[PDB]
Amino acid sequence: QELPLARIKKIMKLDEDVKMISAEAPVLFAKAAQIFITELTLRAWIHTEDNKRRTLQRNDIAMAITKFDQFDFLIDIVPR
Amino acid sequence: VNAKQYXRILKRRXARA
Amino acid sequence: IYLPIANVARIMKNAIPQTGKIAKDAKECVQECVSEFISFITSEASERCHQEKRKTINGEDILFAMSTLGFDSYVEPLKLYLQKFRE
């Protein structure tokens with residue numbers, strides 16, 4: 001129950017504007033990612049249950065993304 | 001839109017191209 | 001480019017009922033979402049570090065970007081988490 005920092009750092013390094021990253025920055029993203037995944041998953045499940053299913057589907061995530069302004073940034077990532 | 005995010009959303013969109 | 005599917009899946013699993021199910025393409029979706037989250041926040045931090053002519057994105061920079069971008073709810077738990085690191 002704690003993520004891989006190396007992979008978080010590699011994701012950060014994709015962005016060509018990023019130069020150096022302090023050691024603690026991935027640690028912060030490890031916790032942030034856990035919070036984010038929890039919230040995204042809870043929100044998707046709403047639509048899962050509304051549809052009378054016990055299986056969380058991609059469609060449920062796309063739907064959840066349109067219902068929460070904090071998820072606006074994902075609209076492009078998960079087309080409704 | 002989400003005022004706090006919109007600039008960054010569009011900058012990210014541009015970047016993915 | 002993505003966090004491990006197994007790790008993503010475990011966190012998702014803890015968020016749903018113990019007998020709930022998650023499709024593989026739902027897990028992959030979350031992988032993609034997580035990477036965009038990291039890159040989204042990182043982009044905000046990188047722009048502001050460059051404008052201030054600093055060469056390093058630090059933990060505080062990430063916290064500020066999260067605040068800036070409307071992830072206000074993340075800041076306190078992250079501060080507490082980092083403090084618990086560092087100690």
Side-chain angles (χ1 to χ4, degrees), chain A residues 3-22 24-48 50 56 58-79, chain B:
Chain A
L3 277 159
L5 298 190
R7 191 69 59 78
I8 293 170
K9 186 178 191 191
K10 214 179 286 305
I11 292 165
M12 293 180 73
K13 298 297 279 266
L14 292 170
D15 196 338
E16 65 179 7
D17 291 333
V18 173
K19 192 166 282 301
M20 300 187 76
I21 301 158
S22 73
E24 75 274 12
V27 172
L28 286 182
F29 272 126
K31 175 62 171 188
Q34 174 267 313
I35 299 176
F36 174 72
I37 292 164
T38 299
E39 183 77 18
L40 179 58
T41 299
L42 271 178
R43 284 181 166 274
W45 189 251
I46 295 166
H47 303 296
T48 306
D50 184 48
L56 200 154
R58 178 177 220 97
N59 319 23
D60 295 324
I61 298 166
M63 180 64 77
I65 289 162
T66 79
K67 296 295 177 185
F68 191 32
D69 49 23
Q70 184 174 78
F71 295 161
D72 276 11
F73 75 96
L74 296 163
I75 296 282
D76 286 347
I77 303 310
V78 195
Chain B
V1 299
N2 184 332
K4 295 169 182 196
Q5 284 189 11
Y6 200 53
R8 190 54 49 197
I9 296 176
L10 301 182
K11 284 171 192 192
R12 279 291 299 159
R13 187 176 299 172
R16 291 194 307 277

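The analysis underlying the following values was restricted to heavy atoms, covering all of them including side chains, and did not include hydrogens, waters or symmetry mates. So you know, we letter chains A, B, ... as the sequences are listed, proteins then strands, and number each from 1.
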Distance-only donor-acceptor pairs under 3.5 Å for side chains of residues 31-38 of chain A, two or more places apart:
residue : atom : partner : partner atom : Å
A:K31   : NZ   : A:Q34   : OE1          : 3.0
A:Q34   : NE2  : A:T38   : OG1          : 3.3
A:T38   : OG1  : A:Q34   : O            : 2.8

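Using a cut-off of 4.0 Å between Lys/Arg side-chain N and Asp/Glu carboxylate O, A:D76 and B:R12 are scored as not salt-bridged.
Taking all atoms of both residues into account, the shortest heavy-atom contact from A:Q70 to B:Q5 is O-NE2, 2.9 Å. In plain terms, the two heavy atoms of A:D69 and B:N2 that are nearest each other are O-ND2, 2.8 Å.
The closest side-chain heavy-atom distance from A:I77 to B:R16 is below 4.5 Å.
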